[PDB]
file protein09.cif (mmCIF, C-alpha atoms; chains and numbers go by the auth columns)
data_query
#
loop_
_atom_site.group_PDB
_atom_site.id
_atom_site.type_symbol
_atom_site.label_atom_id
_atom_site.label_comp_id
_atom_site.label_asym_id
_atom_site.label_seq_id
_atom_site.Cartn_x
_atom_site.Cartn_y
_atom_site.Cartn_z
_atom_site.B_iso_or_equiv
_atom_site.auth_seq_id
_atom_site.auth_asym_id
ATOM 1 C CA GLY A 1 -57.530 -17.493 -6.006 0.00 598 A
ATOM 2 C CA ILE A 2 -55.917 -15.887 -2.953 0.00 599 A
ATOM 3 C CA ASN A 3 -52.056 -16.158 -2.728 0.00 600 A
ATOM 4 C CA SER A 4 -51.918 -18.610 -5.651 0.00 601 A
ATOM 5 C CA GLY A 5 -51.811 -17.890 -9.368 0.00 602 A
ATOM 6 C CA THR A 6 -49.737 -16.601 -12.268 0.00 603 A
ATOM 7 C CA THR A 7 -50.940 -13.087 -13.159 0.00 604 A
ATOM 8 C CA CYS A 8 -50.723 -10.465 -10.390 0.00 605 A
ATOM 9 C CA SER A 9 -49.000 -7.223 -9.419 0.00 606 A
ATOM 10 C CA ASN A 10 -45.200 -6.883 -9.313 0.00 607 A
ATOM 11 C CA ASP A 11 -44.726 -3.551 -7.482 0.00 608 A
ATOM 12 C CA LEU A 12 -41.633 -4.827 -5.577 0.00 609 A
ATOM 13 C CA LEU A 13 -38.207 -3.240 -5.835 0.00 610 A
ATOM 14 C CA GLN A 14 -36.484 -3.947 -9.167 0.00 611 A
ATOM 15 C CA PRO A 15 -33.094 -2.634 -10.382 0.00 612 A
ATOM 16 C CA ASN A 16 -34.751 -0.172 -12.799 0.00 613 A
ATOM 17 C CA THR A 17 -33.692 3.330 -11.733 0.00 614 A
ATOM 18 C CA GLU A 18 -31.913 6.323 -13.241 0.00 615 A
ATOM 19 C CA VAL A 19 -28.527 4.779 -14.042 0.00 616 A
ATOM 20 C CA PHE A 20 -25.466 7.024 -14.241 0.00 617 A
ATOM 21 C CA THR A 21 -21.683 6.857 -14.583 0.00 618 A
ATOM 22 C CA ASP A 22 -18.666 8.020 -12.475 0.00 619 A
ATOM 23 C CA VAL A 23 -19.357 5.386 -9.771 0.00 620 A
ATOM 24 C CA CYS A 24 -19.655 1.589 -9.767 0.00 621 A
ATOM 25 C CA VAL A 25 -23.423 1.376 -9.365 0.00 622 A
ATOM 26 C CA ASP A 26 -24.648 -2.115 -8.499 0.00 623 A
ATOM 27 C CA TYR A 27 -26.174 -3.934 -11.473 0.00 624 A
ATOM 28 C CA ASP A 28 -28.563 -6.881 -11.199 0.00 625 A
ATOM 29 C CA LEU A 29 -30.109 -6.973 -14.672 0.00 626 A
ATOM 30 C CA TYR A 30 -30.832 -10.128 -16.700 0.00 627 A
ATOM 31 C CA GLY A 31 -30.153 -12.397 -13.718 0.00 628 A
ATOM 32 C CA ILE A 32 -26.472 -11.403 -13.466 0.00 629 A
ATOM 33 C CA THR A 33 -25.039 -9.988 -10.231 0.00 630 A
ATOM 34 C CA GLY A 34 -21.866 -7.911 -10.254 0.00 631 A
ATOM 35 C CA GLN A 35 -20.208 -4.604 -9.428 0.00 632 A
ATOM 36 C CA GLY A 36 -18.950 -2.192 -12.065 0.00 633 A
ATOM 37 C CA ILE A 37 -18.831 1.314 -13.517 0.00 634 A
ATOM 38 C CA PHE A 38 -21.176 2.073 -16.409 0.00 635 A
ATOM 39 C CA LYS A 39 -19.996 3.930 -19.508 0.00 636 A
ATOM 40 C CA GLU A 40 -22.104 5.362 -22.327 0.00 637 A
ATOM 41 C CA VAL A 41 -21.021 3.678 -25.577 0.00 638 A
ATOM 42 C CA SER A 42 -23.165 3.723 -28.716 0.00 639 A
ATOM 43 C CA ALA A 43 -24.157 0.223 -29.872 0.00 640 A
ATOM 44 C CA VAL A 44 -26.915 0.027 -32.489 0.00 641 A
ATOM 45 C CA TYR A 45 -25.675 -3.185 -34.201 0.00 642 A
ATOM 46 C CA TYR A 46 -27.350 -5.320 -31.497 0.00 643 A
ATOM 47 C CA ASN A 47 -30.190 -7.630 -32.466 0.00 644 A
ATOM 48 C CA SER A 48 -33.856 -6.989 -31.676 0.00 645 A
ATOM 49 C CA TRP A 49 -33.656 -9.620 -28.909 0.00 646 A
ATOM 50 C CA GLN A 50 -30.015 -9.205 -27.840 0.00 647 A
ATOM 51 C CA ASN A 51 -29.602 -7.439 -24.500 0.00 648 A
ATOM 52 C CA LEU A 52 -26.033 -8.198 -23.370 0.00 649 A
ATOM 53 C CA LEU A 53 -22.575 -9.149 -24.649 0.00 650 A
ATOM 54 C CA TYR A 54 -19.868 -11.412 -23.233 0.00 651 A
ATOM 55 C CA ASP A 55 -16.091 -11.741 -23.513 0.00 652 A
ATOM 56 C CA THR B 1 -10.047 4.170 -14.227 0.00 930 B
ATOM 57 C CA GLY B 2 -9.011 7.317 -16.138 0.00 931 B
ATOM 58 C CA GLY B 3 -11.183 6.510 -19.150 0.00 932 B
ATOM 59 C CA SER B 4 -10.533 3.839 -21.782 0.00 933 B
ATOM 60 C CA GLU B 5 -12.152 0.816 -23.444 0.00 934 B
ATOM 61 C CA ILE B 6 -12.494 -2.586 -21.767 0.00 935 B
ATOM 62 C CA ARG B 7 -10.597 -4.915 -24.104 0.00 936 B
ATOM 63 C CA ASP B 8 -7.986 -6.470 -21.772 0.00 937 B
ATOM 64 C CA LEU B 9 -8.124 -8.847 -18.817 0.00 938 B
ATOM 65 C CA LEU B 10 -5.636 -6.866 -16.711 0.00 939 B
ATOM 66 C CA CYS B 11 -8.417 -4.727 -15.217 0.00 940 B
ATOM 67 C CA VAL B 12 -10.442 -7.749 -14.121 0.00 941 B
ATOM 68 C CA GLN B 13 -7.231 -9.434 -12.920 0.00 942 B
ATOM 69 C CA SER B 14 -5.933 -6.487 -10.870 0.00 943 B
ATOM 70 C CA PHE B 15 -9.333 -5.905 -9.241 0.00 944 B
ATOM 71 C CA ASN B 16 -9.584 -9.482 -7.905 0.00 945 B
ATOM 72 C CA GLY B 17 -6.348 -9.355 -5.896 0.00 946 B
ATOM 73 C CA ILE B 18 -4.161 -10.889 -8.628 0.00 947 B
ATOM 74 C CA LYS B 19 -1.879 -7.951 -9.418 0.00 948 B
ATOM 75 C CA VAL B 20 1.621 -7.792 -10.897 0.00 949 B
ATOM 76 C CA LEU B 21 3.848 -5.437 -8.926 0.00 950 B
ATOM 77 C CA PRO B 22 6.617 -3.698 -10.889 0.00 951 B
ATOM 78 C CA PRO B 23 10.187 -4.885 -10.276 0.00 952 B
ATOM 79 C CA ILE B 24 12.452 -3.068 -7.838 0.00 953 B
ATOM 80 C CA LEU B 25 14.643 -2.091 -10.816 0.00 954 B
ATOM 81 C CA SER B 26 12.840 -0.659 -13.835 0.00 955 B
ATOM 82 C CA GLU B 27 13.646 -1.710 -17.387 0.00 956 B
ATOM 83 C CA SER B 28 15.193 1.723 -17.957 0.00 957 B
ATOM 84 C CA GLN B 29 17.735 1.160 -15.171 0.00 958 B
ATOM 85 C CA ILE B 30 18.727 -2.299 -16.429 0.00 959 B
ATOM 86 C CA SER B 31 18.870 -0.949 -19.993 0.00 960 B
ATOM 87 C CA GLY B 32 21.196 1.812 -18.818 0.00 961 B
ATOM 88 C CA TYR B 33 23.300 -0.778 -16.985 0.00 962 B
ATOM 89 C CA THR B 34 23.645 -2.885 -20.135 0.00 963 B
ATOM 90 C CA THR B 35 24.406 0.253 -22.159 0.00 964 B
ATOM 91 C CA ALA B 36 27.120 1.280 -19.690 0.00 965 B
ATOM 92 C CA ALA B 37 28.674 -2.193 -19.839 0.00 966 B
ATOM 93 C CA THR B 38 28.609 -2.241 -23.658 0.00 967 B
ATOM 94 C CA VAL B 39 30.156 1.240 -23.896 0.00 968 B
ATOM 95 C CA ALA B 40 32.784 0.383 -21.266 0.00 969 B
ATOM 96 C CA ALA B 41 33.708 -2.730 -23.261 0.00 970 B
ATOM 97 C CA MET B 42 34.988 -0.529 -26.120 0.00 971 B
ATOM 98 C CA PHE B 43 35.769 2.943 -24.867 0.00 972 B
ATOM 99 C CA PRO B 44 38.727 3.297 -22.468 0.00 973 B
ATOM 100 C CA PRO B 45 39.101 2.107 -19.830 0.00 974 B
ATOM 101 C CA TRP B 46 38.038 -1.329 -21.058 0.00 975 B
ATOM 102 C CA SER B 47 36.151 -3.473 -18.544 0.00 976 B
ATOM 103 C CA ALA B 48 33.961 -6.059 -20.308 0.00 977 B
ATOM 104 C CA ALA B 49 36.687 -6.850 -22.865 0.00 978 B
ATOM 105 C CA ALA B 50 39.589 -7.917 -20.581 0.00 979 B
ATOM 106 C CA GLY B 51 41.332 -4.559 -21.051 0.00 980 B
ATOM 107 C CA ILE B 52 41.823 -4.512 -24.829 0.00 981 B
ATOM 108 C CA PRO B 53 39.911 -2.683 -27.631 0.00 982 B
ATOM 109 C CA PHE B 54 37.009 -4.397 -29.390 0.00 983 B
ATOM 110 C CA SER B 55 38.858 -4.722 -32.712 0.00 984 B
#
call {"tool": "encode", "arguments": {"input": "protein09.cif", "output": "structure tokens"}}
result
Amino acid sequence: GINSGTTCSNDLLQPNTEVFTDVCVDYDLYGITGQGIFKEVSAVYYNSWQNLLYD
Amino acid sequence: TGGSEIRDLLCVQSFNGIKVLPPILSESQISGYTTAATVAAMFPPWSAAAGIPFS
């Protein structure tokens, strides 16, 4: 099944790198596009499926 | 930007071009003006009391 199917490689560029603070690194995770500075804050109370949080 | 917690909308407001510039006269200056008028109304020479003591 050349160039048609469901299961295949996904070696393209994804926003999964060594994230760090002190600069507004571009974030494109979970289908949300924005610009902002990351800050390390402990949050263990999240659910097993919860990945984000909104205002 | 100096290090705090994101719990207010002023940071997202000021970074989108909607900022609130401070007035040309600070609240301290107007407070001092009101204080000077109130003190001048009672201590001689009387100004805000038509030239007569408060009592």
call {"tool": "residues_near_point", "arguments": {"input": "protein09.cif", "point": "(-9.5, 2.5, -13.1)", "cutoff": "10 Å", "atoms": "only C-alpha atoms", "output": "JSON, numbers by chain"}}
result
{"A": [634], "B": [930, 931, 932, 933, 940, 943, 944]}
call {"tool": "resolve_selection", "arguments": {"input": "protein09.cif", "expression": "the PyMOL selection byres ((chain A) within 10 of (chain B))", "output": "list in words"}}
result
residues 619, 634, 636, 638 and 652 of chain A
call {"tool": "write_last_selection", "arguments": {"input": "protein09.cif", "atoms": "C-alpha atoms", "output": "JSON list (two decimals), in the coordinates of the input"}}
result
[["chain", "number", "residue", "atom", "x", "y", "z"],
["A", 619, "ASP", "CA", -18.67, 8.02, -12.48],
["A", 634, "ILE", "CA", -18.83, 1.31, -13.52],
["A", 636, "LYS", "CA", -20.00, 3.93, -19.51],
["A", 638, "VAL", "CA", -21.02, 3.68, -25.58],
["A", 652, "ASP", "CA", -16.09, -11.74, -23.51]]
call {"tool": "atom_distance", "arguments": {"input": "protein09.cif", "atom1": "CA of residue 953 in chain B", "atom2": "CA of residue 965 in chain B"}}
result
19.4 Å
call {"tool": "residues_around", "arguments": {"input": "protein09.cif", "residues": "residue 632 in chain A", "least_positions_apart": "3", "cutoff": "10 Å", "atoms": "only C-alpha atoms", "output": "list in words"}}
result
residues 621, 622, 623, 624, 625 and 635 of chain A
call {"tool": "write_last_selection", "arguments": {"input": "protein09.cif", "atoms": "C-alpha atoms", "output": "tab-separated table (two decimals), keeping the file's coordinate frame"}}
result
chain	number	residue	atom	x	y	z
A	621	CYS	CA	-19.66	1.59	-9.77
A	622	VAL	CA	-23.42	1.38	-9.36
A	623	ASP	CA	-24.65	-2.12	-8.50
A	624	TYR	CA	-26.17	-3.93	-11.47
A	625	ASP	CA	-28.56	-6.88	-11.20
A	635	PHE	CA	-21.18	2.07	-16.41
call {"tool": "build_atoms", "arguments": {"input": "protein09.cif", "residues": "range 967-978 of chain B", "atoms": "N, CA and C atoms", "output": "compact mmCIF listing (two decimals), in the coordinates of the input"}}
result
# COMPACT_ATOMS: atom_id res chain seq x y z
N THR B 967 28.24 -2.15 -22.25
CA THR B 967 28.61 -2.24 -23.66
C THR B 967 29.54 -1.10 -24.07
N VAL B 968 29.29 0.11 -23.57
CA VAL B 968 30.16 1.24 -23.90
C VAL B 968 31.51 1.08 -23.22
N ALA B 969 31.53 0.59 -21.98
CA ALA B 969 32.78 0.38 -21.27
C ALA B 969 33.61 -0.72 -21.90
N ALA B 970 32.97 -1.66 -22.61
CA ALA B 970 33.71 -2.73 -23.26
C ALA B 970 34.56 -2.23 -24.42
N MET B 971 34.23 -1.07 -25.00
CA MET B 971 34.99 -0.53 -26.12
C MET B 971 35.69 0.78 -25.81
N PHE B 972 35.03 1.72 -25.13
CA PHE B 972 35.77 2.94 -24.87
C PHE B 972 36.64 2.79 -23.63
N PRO B 973 37.81 3.42 -23.61
CA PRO B 973 38.73 3.30 -22.47
C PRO B 973 38.18 3.97 -21.22
N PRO B 974 38.40 3.38 -20.03
CA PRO B 974 39.10 2.11 -19.83
C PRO B 974 38.21 0.89 -20.07
N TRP B 975 38.78 -0.12 -20.72
CA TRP B 975 38.04 -1.33 -21.06
C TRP B 975 37.79 -2.19 -19.83
N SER B 976 36.55 -2.63 -19.66
CA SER B 976 36.15 -3.47 -18.54
C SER B 976 35.60 -4.82 -18.98
N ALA B 977 34.58 -4.83 -19.84
CA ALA B 977 33.96 -6.06 -20.31
C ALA B 977 34.66 -6.65 -21.52
N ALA B 978 35.94 -6.32 -21.73
CA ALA B 978 36.69 -6.85 -22.86
C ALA B 978 38.10 -7.25 -22.45
